[PDB]
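Only one structure is covered here, and it is reproduced in the block below.
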Amino acid sequence: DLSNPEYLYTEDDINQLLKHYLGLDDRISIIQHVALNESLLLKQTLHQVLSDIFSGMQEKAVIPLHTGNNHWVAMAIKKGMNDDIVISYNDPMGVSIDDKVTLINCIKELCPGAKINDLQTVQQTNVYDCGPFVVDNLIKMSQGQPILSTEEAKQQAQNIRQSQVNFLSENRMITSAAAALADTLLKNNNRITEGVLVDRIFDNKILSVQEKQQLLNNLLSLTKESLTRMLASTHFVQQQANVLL
């Protein structure tokens, strides 16, 4: 339950937040699934990121790293000045990157020239706030902005959680309202044409003229996923999710 002050962020929660905050720059790679207990996948993941930076197709990567006991840590990897690769890291419990032997071995193998920037800053004050701090760290470290100090962290923990969870709640409700409208418009189809979508909007017996004409307007080869995404950007679907409060 997102309203619970002790809610543990999931992988999807962090992905949704990082996409929301950073996603307008397509040169930032947002990595979803990486865990220290999966060494082969970790090395594959870091190598892909380093190859995308080498080629110039990506400038930076933000990586929510899953450690022991469902703990989350923040790693960012960017092109530095000159020809440097900069690895910035912060564990919200203040534990050194050096404690993470697997990760240090991986990095030494793939990029032994990398500049390691372990901020080593205790931030969390309970067993539940890794998620909020990893998100706030990844956003700031990505742009070479200073992360919250131990004192600011203590002062801001509930505020940064509340701001992030407000988005998560809105995101979930808008997406649920968009997916339900998408289901009524798709009927027995997995995919529809623009023409069939418009037919289905004109024929719909529940929407009103304003909502149907705001819809075609707000809209200015379509799947459940792409139509859901479209409907989620529409003002009147956002209105319905806002009432669901």
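Restricted to region 69-109, and to residues that are under 22 Å from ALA157 (Cβ atoms) and among the small types (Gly, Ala, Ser), which residue is surrounded by the fewest Cβ atoms within 10 Å (Cβ to Cβ)?
Taking region 69-109 as the starting set, the residues that turn out to be under 22 Å from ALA157 (Cβ atoms) are 69-76, 88-96.
Still in the running and among the small types (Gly, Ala, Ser): 74, 76, 88, 94, 96.
Working: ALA74: 28, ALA76: 23, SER88: 25, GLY94: 14, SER96: 11.
The qualifying residue surrounded by the fewest Cβ atoms within 10 Å (Cβ to Cβ) is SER96.
Taking region 31-61 as the search range and keeping residues that are out of contact with any strand residue (DSSP E or B) (no Cβ under 6 Å at 6 or more places or on another chain) and of a type in the set (A, V, I, L, M), which one is surrounded by the fewest Cβ atoms within 10 Å (Cβ to Cβ)?
The extreme case among them is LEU40.
Could you tell me whether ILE160 is touching a helix residue (DSSP H, G or I) at 6+ places or on another chain (Cβ under 9 Å), in a loop (DSSP other than H, G, I, E, B) and of a type outside the set (S, T, N, Q)?
Working: touching a helix residue (DSSP H, G or I) at 6+ places or on another chain (Cβ under 9 Å): yes; in a loop (DSSP other than H, G, I, E, B): no; of a type outside the set (S, T, N, Q): yes.
When the stated conditions are applied, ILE160 does not pass them.
When region 119-139 is examined, which residues are found to be among the aromatic types (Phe, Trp, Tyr) and either crowded, with 24+ Cβ neighbours inside 10 Å or under 15 Å from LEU65 (Cβ atoms) (or both)?
Once the filter is applied, which keeps residues that are among the aromatic types (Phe, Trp, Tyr) and either crowded, with 24+ Cβ neighbours inside 10 Å or under 15 Å from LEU65 (Cβ atoms) (or both), region 119-139 yields only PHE133.
Taking the stated definitions as given, is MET173 in contact with a strand residue (DSSP E or B) (Cβ under 7 Å, 6 or more places away or on another chain) and either closer than 30 Å to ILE63 by Cα or loosely packed, with under 15 Cβ neighbours inside 10 Å (or both)?
No: the conditions fail for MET173.
Is it true that some residue in region 27-39 is closer than 22 Å to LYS140 by Cβ, not in a strand (DSSP E or B) and not β-branched (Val, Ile, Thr)?
yes
Would you tally the residues in region 177-201 being surrounded by fewer than 15 Cβ atoms within 10 Å (Cβ to Cβ) and within 17 Å of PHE236 (Cα to Cα)?
3
Assess whether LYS154 counts as being closer than 19 Å to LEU17 by Cα and either surrounded by fewer than 21 Cβ atoms within 10 Å (Cβ to Cβ) or out of contact with any strand residue (DSSP E or B) (no Cβ under 7 Å at 6 or more places or on another chain) (or both).
no
Conditions first: (1) crowded, with 18+ Cβ neighbours inside 10 Å; (2) of a type in the set (A, V, I, L, M, F, W, C); (3) in a helix (DSSP H, G or I); (4) touching a helix residue (DSSP H, G or I) at 6+ places or on another chain (Cβ under 6 Å). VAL165 passes all but one, so which condition is the exception?
Here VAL165 meets the rest and fails (4).
Name every residue in region 168-201 that is in a helix (DSSP H, G or I), of a type in the set (D, E, K, R) and touching a helix residue (DSSP H, G or I) at 6+ places or on another chain (Cβ under 8 Å), in order of residue number.
Correct list: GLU170, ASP183, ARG200.
Only the coordinates and a few stated rules stand behind these numbers; no lab work does. Cβ: placed from backbone, ideal geometry, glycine included. Neighbour counts: every protein chain shown.
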